[PDB]
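Chains as they are written, first to last, in PDB author numbering: chain A, 1 to 306; chain A', 1 to 306. A prime marks a further copy of an entry chain.
Don't be surprised by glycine CBs; every beta carbon is placed ideally from N, CA and C.
So the structure is just underneath, and the comments pick up after that.
2 protein chains.
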Amino acid sequence: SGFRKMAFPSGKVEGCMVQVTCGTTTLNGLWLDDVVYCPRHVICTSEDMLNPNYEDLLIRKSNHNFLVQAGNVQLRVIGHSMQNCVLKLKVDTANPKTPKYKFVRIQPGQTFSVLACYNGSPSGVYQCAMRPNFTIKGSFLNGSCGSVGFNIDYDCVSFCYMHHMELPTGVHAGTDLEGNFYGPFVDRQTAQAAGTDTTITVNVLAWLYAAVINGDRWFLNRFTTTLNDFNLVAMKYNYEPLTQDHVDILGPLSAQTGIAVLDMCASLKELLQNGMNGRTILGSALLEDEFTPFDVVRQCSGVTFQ
Amino acid sequence: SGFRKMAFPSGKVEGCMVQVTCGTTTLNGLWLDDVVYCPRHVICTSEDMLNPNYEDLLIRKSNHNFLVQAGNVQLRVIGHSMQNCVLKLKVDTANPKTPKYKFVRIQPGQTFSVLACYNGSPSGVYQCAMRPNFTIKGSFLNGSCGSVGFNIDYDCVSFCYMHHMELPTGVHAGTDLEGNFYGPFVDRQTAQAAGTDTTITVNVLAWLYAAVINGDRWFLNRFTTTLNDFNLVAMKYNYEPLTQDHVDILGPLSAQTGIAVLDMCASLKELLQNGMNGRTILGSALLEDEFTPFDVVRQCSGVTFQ
Ligand SMILES: [Zn+2]
Ligand SMILES: [Zn+2]
Numbered sequence: 001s002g003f004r005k006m007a008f009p010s011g012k013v014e015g016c017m018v019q020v021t022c023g024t025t026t027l028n029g030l031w032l033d034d035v036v037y038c039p040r041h042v043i044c045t046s047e048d049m050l051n052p053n054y055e056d057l058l059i060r061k062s063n064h065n066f067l068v069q070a071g072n073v074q075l076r077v078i079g080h081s082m083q084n085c086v087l088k089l090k091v092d093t094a095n096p097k098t099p100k101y102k103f104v105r106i107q108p109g110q111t112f113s114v115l116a117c118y119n120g121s122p123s124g125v126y127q128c129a130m131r132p133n134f135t136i137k138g139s140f141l142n143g144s145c146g147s148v149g150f151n152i153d154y155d156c157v158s159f160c161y162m163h164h165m166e167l168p169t170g171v172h173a174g175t176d177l178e179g180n181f182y183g184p185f186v187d188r189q190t191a192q193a194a195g196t197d198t199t200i201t202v203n204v205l206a207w208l209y210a211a212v213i214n215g216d217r218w219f220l221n222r223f224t225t226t227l228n229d230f231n232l233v234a235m236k237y238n239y240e241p242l243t244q245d246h247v248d249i250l251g252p253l254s255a256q257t258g259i260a261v262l263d264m265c266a267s268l269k270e271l272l273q274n275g276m277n278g279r280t281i282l283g284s285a286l287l288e289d290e291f292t293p294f295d296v297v298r299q300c301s302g303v304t305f306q
Numbered sequence: 001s002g003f004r005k006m007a008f009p010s011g012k013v014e015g016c017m018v019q020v021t022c023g024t025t026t027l028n029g030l031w032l033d034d035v036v037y038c039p040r041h042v043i044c045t046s047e048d049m050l051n052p053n054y055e056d057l058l059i060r061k062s063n064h065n066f067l068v069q070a071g072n073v074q075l076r077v078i079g080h081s082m083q084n085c086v087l088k089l090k091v092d093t094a095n096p097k098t099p100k101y102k103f104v105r106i107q108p109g110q111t112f113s114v115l116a117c118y119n120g121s122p123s124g125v126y127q128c129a130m131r132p133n134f135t136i137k138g139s140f141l142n143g144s145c146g147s148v149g150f151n152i153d154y155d156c157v158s159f160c161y162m163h164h165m166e167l168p169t170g171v172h173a174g175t176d177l178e179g180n181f182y183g184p185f186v187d188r189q190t191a192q193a194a195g196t197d198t199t200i201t202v203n204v205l206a207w208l209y210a211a212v213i214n215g216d217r218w219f220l221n222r223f224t225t226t227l228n229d230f231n232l233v234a235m236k237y238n239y240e241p242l243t244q245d246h247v248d249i250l251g252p253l254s255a256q257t258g259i260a261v262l263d264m265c266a267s268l269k270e271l272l273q274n275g276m277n278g279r280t281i282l283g284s285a286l287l288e289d290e291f292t293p294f295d296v297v298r299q300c301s302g303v304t305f306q
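Set out below in structure tokens:
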């Protein structure tokens, strides 16, 4: 028992991190097979980032201007190309530690683990969600660009995020591994405002199920509701609307606990309207929304990887 | 910027986990050099755990009754011995993935990362603290015994915890890697009550410094206090007393921010007495106490490992 915000074991990803230097700019790259992926703004100076024309800047770079180091050993760059907002550097050596992998573009509300790196070296691992405004709330200091987010399914790593930017408000933006930004953001140092950061309702409900499974039961009430009635309350509190697809996804947690999804919605409605009155759920005084229904099933049943 | 509960990258520890089976009991072991460490209750049945005499139970086991599997490959056990509450199984092969390591016994308030494992396979990684009552609040399901907690300093893994027990209240107890329990707990299925779980004051203060560094400033007030005056309030709220040693440890955070430690104590005193009034700090509605002062310096400056 117990319930923790848990990241995926990071070993398979640690073996893929390298340092990429272009001129005086160093950040992280991801080495899979004989390709290294990194943010294209490795080619920029601090001055360039105010208004970069990446195609024109890239004309001035050749393979030998990209310095790639894996541990203490230099890799030879034999080609380079730009795809959307990422650079692909072809090297002459396949990474011997390449895991089974795929590239996925996730949806808001999905969770993943981030391996924060500096100078190609892993610093730490944590779990976060893609927010509904397509930002993440991470922990990234200068030098962390090119750190990646991932999920693992048994032995296959699904890479879903590469870190590129901190907005002036201190939240984070980045791309999938095809180089397309999540959200409307661009890799330029300009004013970019994020939209409303709504709470991910289906994740809150999953976490309430986890709470019941682990013995935190005080918030269960005598009421039920309907989807439409619940969504009227959700909208008032800047919660995402719940759909029947979400209800279907929570089915296994409902069956395990015997608490109908709409009954749990009515418990959540009363927590929104009355508050927590100074009590906690699973050690939180807020309603937690960075566990998906699959995260809860996984942690509550003990799924493993290798 | 941003501030996250972050675990150490787990790769160096993933390479050390194995499955140990004795009879019908399977749990995790730690393979370092040519020794595998596991909880001694691997030799028990469910019935035995009510009142085990481990020396008498162990007389009935020989090397070949201990089945050790690393991945898909069986290891040959050539000796076994019991040290306190751990079994040491000598194998005929040194783990080729053995990292630089040490065994440390930590103090309450210290934080470490847990690699939760089942059947020798890593499931997830999370960060926790040793509570002042010598329990941890983990996420452990049946089969997770023998999972370990660790800290990393550059390239050296310091192992500090091995998981053995869940108390009837749902909190967790275990040993250092010499097999000595943290706290008064024993490896028997009997009623064992935990003492007061007080809040780790020096960790709260460190986290308030992290909040200031990252721009959460609303709780800073116009007051100061003294150690003795603060400790009178701390005792009333089941906070650990603050000592000059703690003040000394917070010195670098005080110097960086320009906020004297006793001034921060006075801010904390007003948060304890008045509450948060519905606001948050670093995304929490509680006062967080599982970051040490070293955790904060580390994360706020970007220290790496390899
Ligand atoms: Zn950057
Ligand atoms: Zn056990």
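Residue i - partner residues in DSSP beta bridges
i, result
"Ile-136/A", "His-172/A"
"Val-247/A", "BP columns for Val-247/A are empty, so no partner."
"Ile-78/A", "Looking at the DSSP assignment, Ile-78/A forms no beta bridge with any residue, so it has no partner."
"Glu-166/A", "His-172/A"
Distance between residue j and residue i (C-alpha atoms, nearest Å)
i, j, result
"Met-235/A'", "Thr-225/A'", "15 angstroms"
"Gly-79/A'", "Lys-90/A'", "5 angstroms"
"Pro-132/A", "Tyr-101/A'", "42 angstroms"
"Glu-166/A", "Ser-1/A", "37 angstroms"
"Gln-107/A", "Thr-292/A", "12 angstroms"
"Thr-21/A", "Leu-141/A", "17 angstroms"
"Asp-56/A'", "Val-13/A", "45 angstroms"
"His-41/A", "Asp-263/A", "49 angstroms"
"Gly-71/A", "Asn-28/A", "12 angstroms"
"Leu-58/A'", "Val-148/A'", "23 angstroms"
"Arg-4/A", "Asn-214/A'", "24 angstroms"
"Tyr-161/A", "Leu-242/A'", "42 angstroms"
"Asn-228/A", "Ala-210/A'", "42 angstroms"
"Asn-180/A", "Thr-199/A", "24 angstroms"
"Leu-75/A'", "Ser-144/A", "40 angstroms"
"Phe-103/A'", "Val-104/A", "40 angstroms"
"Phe-294/A", "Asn-95/A", "31 angstroms"
"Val-303/A'", "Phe-150/A'", "17 angstroms"
"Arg-60/A", "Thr-24/A", "15 angstroms"
"residue 322/A'", "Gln-244/A'", "Chain A' is shown only over 1 to 306; residue 322/A' falls outside these bounds and no answer can be derived."
"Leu-282/A'", "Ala-194/A", "18 angstroms"
Per-residue burial, residue i [other beta carbons within 10 Å of its own, 16 or more giving buried]
i, result
"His-64/A", "exposed"
"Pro-184/A", "exposed"
"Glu-47/A", "exposed"
"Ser-301/A", "exposed"
"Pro-122/A'", "buried"
"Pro-168/A'", "exposed"
"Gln-273/A", "exposed"
"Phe-159/A'", "buried"
"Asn-53/A'", "exposed"
"residue 359/A'", "A question about residue 359/A' goes unanswered here, because the residues of chain A' that appear run from 1 up to 306."
"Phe-66/A", "buried"
"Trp-31/A'", "buried"
"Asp-216/A", "buried"
Residue i in three-state terms, based on DSSP
i, result
"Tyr-237/A", "coil"
"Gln-299/A'", "helix"
"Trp-207/A", "helix"
"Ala-116/A", "strand"
"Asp-153/A'", "strand"
"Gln-127/A", "strand"
"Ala-194/A'", "coil"
"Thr-226/A", "coil"
"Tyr-37/A", "strand"
"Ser-284/A'", "strand"
"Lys-61/A'", "coil"
"residue 352/A", "Any question about residue 352/A goes unanswered here, given that chain A covers just 1 to 306."
"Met-17/A", "strand"
"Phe-219/A'", "coil"
"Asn-28/A'", "strand"
Q.
Output needed in chain order: residues of the segment 96–129 of chain A' with a Cβ under 9 angstroms from some Cβ in chain A.
A. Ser-113, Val-114, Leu-115, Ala-116, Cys-117, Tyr-118, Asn-119, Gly-120, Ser-121, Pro-122, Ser-123, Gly-124, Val-125, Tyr-126, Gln-127 and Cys-128
Query - Contact list for the segment 128–151 of chain A' against chain A, Cβ threshold 7 angstroms - result: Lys-137, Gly-138, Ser-139, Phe-140, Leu-141 and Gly-143
Members of the segment 281–304 of chain A' near chain A, C-beta cut-off 9 angstroms:
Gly-283, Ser-284, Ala-285, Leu-286, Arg-298, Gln-299, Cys-300, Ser-301, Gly-302, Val-303 and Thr-304
Output needed in chain order: residues of the segment 156–175 of chain A' with a Cβ under 9 angstroms from some Cβ in chain A. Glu-166, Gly-170, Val-171 and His-172
- Task: Select from the segment 10–24 of chain A all residues with a C-beta closer than 9 angstroms to any C-beta belonging to chain A', and list them in chain order.
- Result: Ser-10, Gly-11, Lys-12, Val-13, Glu-14 and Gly-15
Contact residues within the segment 215–229 of chain A, judged by C-beta distance below 9 angstroms to chain A': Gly-215
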